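Everything below belongs to my_file-v9.csv, which stores CSV, C-alpha atoms and all ligand atoms.
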chain,number,residue,atom,x,y,z
A,1,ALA,CA,20.9,29.5,-7.1
A,2,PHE,CA,23.6,27.1,-7.9
A,3,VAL,CA,26.4,27.1,-5.3
A,4,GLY,CA,29.7,25.3,-6.0
A,5,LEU,CA,31.2,22.8,-3.5
A,6,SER,CA,34.8,23.1,-2.3
A,7,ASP,CA,37.4,20.3,-3.1
A,8,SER,CA,37.0,19.2,0.6
A,9,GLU,CA,33.1,19.2,0.3
A,10,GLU,CA,33.4,17.1,-2.9
A,11,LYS,CA,35.5,14.6,-1.0
A,12,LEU,CA,32.8,14.5,1.8
A,13,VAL,CA,30.1,13.9,-0.8
A,14,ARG,CA,32.0,11.0,-2.4
A,15,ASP,CA,32.7,9.5,1.0
A,16,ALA,CA,29.0,10.0,2.1
A,17,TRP,CA,27.9,8.2,-1.1
A,18,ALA,CA,30.5,5.4,-1.0
A,19,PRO,CA,28.3,2.8,0.7
A,20,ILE,CA,25.5,3.3,-1.8
A,21,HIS,CA,27.9,3.5,-4.7
A,22,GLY,CA,29.2,0.0,-3.7
A,23,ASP,CA,25.7,-1.5,-3.5
A,24,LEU,CA,23.8,0.8,-6.0
A,25,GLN,CA,21.1,-1.5,-7.3
A,26,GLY,CA,20.4,-3.1,-3.9
A,27,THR,CA,20.2,0.3,-2.2
A,28,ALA,CA,17.9,1.6,-5.1
A,29,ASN,CA,15.6,-1.4,-4.6
A,30,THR,CA,15.2,-0.8,-0.9
A,31,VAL,CA,15.0,3.0,-1.0
A,32,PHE,CA,12.5,3.0,-3.9
A,33,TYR,CA,10.3,0.4,-2.1
A,34,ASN,CA,10.4,2.4,1.1
A,35,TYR,CA,9.5,5.6,-0.8
A,36,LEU,CA,6.4,4.1,-2.5
A,37,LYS,CA,5.4,2.4,0.8
A,38,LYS,CA,5.6,5.6,2.8
A,39,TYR,CA,4.0,7.8,0.1
A,40,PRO,CA,1.6,5.5,-1.7
A,41,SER,CA,0.1,8.2,-4.1
A,42,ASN,CA,3.4,8.0,-6.1
A,43,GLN,CA,3.1,4.4,-7.4
A,44,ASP,CA,0.4,5.5,-9.9
A,45,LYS,CA,2.8,8.0,-11.6
A,46,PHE,CA,4.8,4.9,-12.9
A,47,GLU,CA,2.6,3.4,-15.7
A,48,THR,CA,4.4,0.2,-15.6
A,49,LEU,CA,3.6,-0.2,-11.9
A,50,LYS,CA,0.1,1.3,-11.8
A,51,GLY,CA,-2.8,-0.8,-10.8
A,52,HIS,CA,-0.9,-3.6,-8.9
A,53,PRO,CA,-0.2,-4.1,-5.1
A,54,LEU,CA,3.3,-2.7,-4.2
A,55,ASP,CA,4.4,-6.0,-2.7
A,56,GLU,CA,3.5,-7.7,-6.0
A,57,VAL,CA,5.6,-5.3,-8.1
A,58,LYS,CA,8.6,-4.9,-5.8
A,59,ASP,CA,10.2,-8.2,-7.0
A,60,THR,CA,9.8,-7.4,-10.7
A,61,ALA,CA,12.0,-6.4,-13.5
A,62,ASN,CA,10.0,-3.2,-14.3
A,63,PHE,CA,10.4,-2.1,-10.6
A,64,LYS,CA,14.1,-2.7,-10.3
A,65,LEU,CA,14.8,-0.9,-13.6
A,66,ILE,CA,13.0,2.3,-12.3
A,67,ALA,CA,14.8,2.2,-9.0
A,68,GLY,CA,18.1,1.6,-10.8
A,69,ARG,CA,17.7,4.5,-13.2
A,70,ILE,CA,17.0,7.0,-10.3
A,71,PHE,CA,20.1,5.8,-8.5
A,72,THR,CA,22.2,5.8,-11.6
A,73,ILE,CA,21.5,9.5,-12.0
A,74,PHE,CA,22.5,10.3,-8.4
A,75,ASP,CA,25.6,8.1,-8.9
A,76,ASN,CA,26.5,10.2,-12.0
A,77,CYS,CA,25.8,13.4,-10.2
A,78,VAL,CA,28.2,12.3,-7.5
A,79,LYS,CA,30.8,11.3,-10.2
A,80,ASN,CA,30.4,14.9,-11.5
A,81,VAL,CA,30.3,16.7,-8.2
A,82,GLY,CA,33.6,18.5,-9.0
A,83,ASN,CA,32.4,19.6,-12.4
A,84,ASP,CA,29.4,22.0,-12.2
A,85,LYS,CA,28.7,21.9,-16.0
A,86,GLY,CA,29.0,18.1,-16.0
A,87,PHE,CA,26.8,17.8,-13.0
A,88,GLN,CA,24.2,20.2,-14.6
A,89,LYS,CA,24.3,18.2,-17.8
A,90,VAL,CA,23.5,14.9,-16.0
A,91,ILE,CA,20.4,16.7,-14.6
A,92,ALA,CA,19.5,18.6,-17.8
A,93,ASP,CA,19.4,15.3,-19.7
A,94,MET,CA,17.2,13.4,-17.2
A,95,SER,CA,14.9,16.4,-16.7
A,96,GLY,CA,13.2,16.3,-20.2
A,97,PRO,CA,11.2,13.2,-19.6
A,98,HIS,CA,9.8,14.7,-16.3
A,99,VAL,CA,8.8,18.1,-17.7
A,100,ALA,CA,5.3,17.1,-18.9
A,101,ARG,CA,4.7,14.8,-15.9
A,102,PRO,CA,2.1,15.6,-13.2
A,103,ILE,CA,4.6,15.2,-10.4
A,104,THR,CA,4.7,17.7,-7.5
A,105,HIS,CA,7.8,19.2,-5.9
A,106,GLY,CA,6.4,17.5,-2.8
A,107,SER,CA,6.9,14.1,-4.4
A,108,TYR,CA,10.5,14.8,-5.6
A,109,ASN,CA,11.3,16.3,-2.2
A,110,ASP,CA,9.8,13.2,-0.4
A,111,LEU,CA,12.2,11.0,-2.4
A,112,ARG,CA,15.1,13.3,-1.4
A,113,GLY,CA,14.2,12.7,2.3
A,114,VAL,CA,13.9,8.9,2.0
A,115,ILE,CA,17.5,9.0,0.5
A,116,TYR,CA,18.7,11.3,3.3
A,117,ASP,CA,17.2,9.2,6.1
A,118,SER,CA,18.7,6.0,4.6
A,119,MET,CA,22.3,7.5,4.6
A,120,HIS,CA,22.4,8.4,8.4
A,121,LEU,CA,25.0,11.0,7.8
A,122,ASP,CA,26.8,13.0,10.5
A,123,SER,CA,26.4,16.8,10.3
A,124,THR,CA,29.7,17.5,8.4
A,125,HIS,CA,28.9,15.0,5.6
A,126,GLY,CA,25.2,15.9,5.7
A,127,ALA,CA,26.0,19.6,5.1
A,128,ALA,CA,28.1,18.7,2.0
A,129,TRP,CA,25.4,16.3,0.8
A,130,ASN,CA,22.7,18.9,1.2
A,131,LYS,CA,24.8,21.4,-0.8
A,132,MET,CA,25.0,19.0,-3.6
A,133,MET,CA,21.3,18.0,-3.4
A,134,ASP,CA,20.3,21.7,-3.2
A,135,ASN,CA,22.2,22.2,-6.5
A,136,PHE,CA,20.5,19.1,-7.9
A,137,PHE,CA,17.0,20.5,-7.1
A,138,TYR,CA,18.0,24.0,-8.3
A,139,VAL,CA,19.0,22.7,-11.7
A,140,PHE,CA,16.1,20.1,-11.9
A,141,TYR,CA,13.4,22.6,-11.1
A,142,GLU,CA,14.9,25.3,-13.4
A,143,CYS,CA,14.7,22.7,-16.1
A,144,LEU,CA,11.2,21.7,-15.2
A,145,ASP,CA,10.2,25.4,-15.4
A,146,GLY,CA,11.7,25.5,-19.0
A,147,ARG,CA,14.9,27.4,-18.0
A,148,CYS,CA,17.2,24.4,-18.8
A,149,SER,CA,19.2,26.2,-21.5
A,150,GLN,CA,21.0,28.4,-18.9
A,151,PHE,CA,23.3,25.4,-18.0
A,152,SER,CA,24.4,24.7,-21.5
B,1,LIG,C1,14.5,13.2,-8.2
B,1,LIG,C2,15.2,12.1,-8.5
B,1,LIG,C3,14.8,11.4,-9.8
B,1,LIG,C4,15.7,10.9,-10.7
B,1,LIG,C5,17.2,11.1,-10.7
B,1,LIG,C6,14.9,10.3,-11.8
B,1,LIG,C7,15.4,9.7,-12.9
B,1,LIG,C8,14.7,9.2,-14.0
B,1,LIG,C9,15.3,8.6,-15.2
B,1,LIG,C10,16.8,8.5,-15.5
B,1,LIG,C11,14.3,8.3,-16.0
B,1,LIG,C12,14.3,7.5,-17.3
B,1,LIG,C13,14.0,7.9,-18.6
B,1,LIG,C14,12.6,7.4,-19.1
B,1,LIG,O1,12.4,6.2,-19.4
B,1,LIG,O2,11.7,8.3,-19.2
B,1,LIG,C15,13.0,8.7,-15.4
B,1,LIG,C16,11.8,8.6,-15.9
B,1,LIG,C17,10.6,8.8,-15.1
B,1,LIG,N1,10.5,9.1,-13.8
B,1,LIG,FE1,12.0,9.9,-12.7
B,1,LIG,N2,13.6,10.4,-11.5
B,1,LIG,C18,13.5,11.1,-10.3
B,1,LIG,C19,12.3,11.3,-9.6
B,1,LIG,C20,11.0,10.8,-9.9
B,1,LIG,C21,9.9,10.8,-9.1
B,1,LIG,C22,9.9,11.3,-7.6
B,1,LIG,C23,8.8,10.3,-9.8
B,1,LIG,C24,7.3,10.1,-9.5
B,1,LIG,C25,6.8,10.4,-8.3
B,1,LIG,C26,9.3,10.0,-11.1
B,1,LIG,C27,8.6,9.5,-12.2
B,1,LIG,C28,9.1,9.2,-13.4
B,1,LIG,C29,8.3,8.7,-14.5
B,1,LIG,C30,6.8,8.4,-14.3
B,1,LIG,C31,9.2,8.5,-15.7
B,1,LIG,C32,8.9,8.2,-17.2
B,1,LIG,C33,9.3,6.8,-17.5
B,1,LIG,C34,8.2,6.2,-16.7
B,1,LIG,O3,7.0,6.4,-17.1
B,1,LIG,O4,8.5,5.5,-15.7
B,1,LIG,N3,10.7,10.4,-11.2
B,1,LIG,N4,13.3,9.2,-14.1
B,2,CL,CL,1.2,9.7,-0.6
B,3,CL,CL,-0.3,-1.6,-2.4
B,4,CL,CL,12.1,7.6,-12.0
B,5,CL,CL,36.5,18.2,-13.6
B,6,CL,CL,28.7,10.3,7.9

Represent the structure of the file as structure tokens.
Ligand code: HEM
Ligand SMILES: [Cl-]
Ligand SMILES: [Cl-]
Ligand SMILES: [Cl-]
Ligand SMILES: [Cl-]
Ligand SMILES: [Cl-]
Amino acid sequence: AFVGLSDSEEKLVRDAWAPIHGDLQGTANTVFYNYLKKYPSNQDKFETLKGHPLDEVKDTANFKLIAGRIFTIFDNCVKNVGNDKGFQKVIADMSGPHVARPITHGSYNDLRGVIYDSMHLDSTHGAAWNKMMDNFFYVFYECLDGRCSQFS
């Protein structure tokens, strides 16, 4: 279920995210590369990337756009961490294009973990981060299951 963050937890999340926020596209490029390299079955889900070696696409416009738009969503979730409806709406809006896609919970959760590992958070910040990400996945998966309207 969705579980709100305290004011103090919101601050922890903003602080945890600050290094990424200040280098959003650069972080996105690295994290998205590391994700596709560690979990190679996922590159095929991206039609613009499909059929080419990862090291050939990593430097391309198409690749950087995809990595950017993932991180722009998380950046907007963080922006909205103190507004549950606003946070939910960010997710609701990005969920529609994923609904029909053959992407497993495993794949999404693997990306969550690459992001986590990259942040090297202490346990206080990591706890707050995981509250937010648990909310993120709650909403996202509700929307993938066609129960997106409950957040409206
Ligand atoms: C969980 C965090 C994620 C976020 C915040 C996110 C965000 C986005 C955004 C903003 C769009 C752009 C709208 C569009 O052109 O359709 C998009 C589309 C798409 N995403 Fe995601 N995504 C996430 C995870 C994933 C994963 C893990 C995969 C595949 C393994 C994936 C595959 C796709 C595909 C294939 C598209 C449709 C556009 C395209 O064909 O690239 N997404 N996503
Ligand atoms: Cl894989
Ligand atoms: Cl490859
Ligand atoms: Cl994506
Ligand atoms: Cl607010
Ligand atoms: Cl930390």

- request: For range 111-116 of chain A, work out the shell of residues within 12 Å, counting all atoms listed in the file and skipping chain neighbours fewer than 2 positions away, then give it as a ChimeraX atom specification.
  value: /A:16-17,20,27-40,42,67,70-71,74,103-109,118-123,125-127,129-130,132-134,136-137

message: What does the structure give for the distance between CA of residue 85 in chain A and CA of residue 150 in chain A, in Å to one decimal?
response: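 Result for CA of residue 85 in chain A versus CA of residue 150 in chain A: 10.5 Å, one decimal.
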
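If all atoms listed in the file are the atoms counted, then among A:68, A:82, A:97, A:26 the closest residue to residue 6 in chain A is A:82.
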
message: Between A:44, A:59, A:84, A:117, which residue has the minimum interatomic distance to ligand CL 2 (chain B), considering all atoms listed in the file?
response: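 The closest residue to ligand CL 2 (chain B) is A:44.
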
- request: Dump the neighbourhood of ligand CL 3 (chain B) as a ChimeraX atom specification: all residues within 10 Å, distances computed on all atoms listed in the file.
  value: /A:36-37,40-41,43,50-57

message: Between A:95, A:21, A:76, A:83, which residue has the minimum interatomic distance to ligand CL 4 (chain B), considering all atoms listed in the file?
response: A:95

message: To one decimal place in Å, what is the distance between atom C6 of ligand LIG 1 (chain B) and CA of residue 11 in chain A?
response: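 Interatomic distance here is 23.7 Å.
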
- prompt: atom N4 of ligand LIG 1 (chain B) and CA of residue 73 in chain A, how far apart in Å?
  reply: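 Between CA of residue 73 in chain A and atom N4 of ligand LIG 1 (chain B) the gap works out to 8.5 Å.
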
- prompt: Which one is closest to ligand CL 5 (chain B): A:61, A:92, A:100, A:81? Count all atoms listed in the file.
  reply: A:81
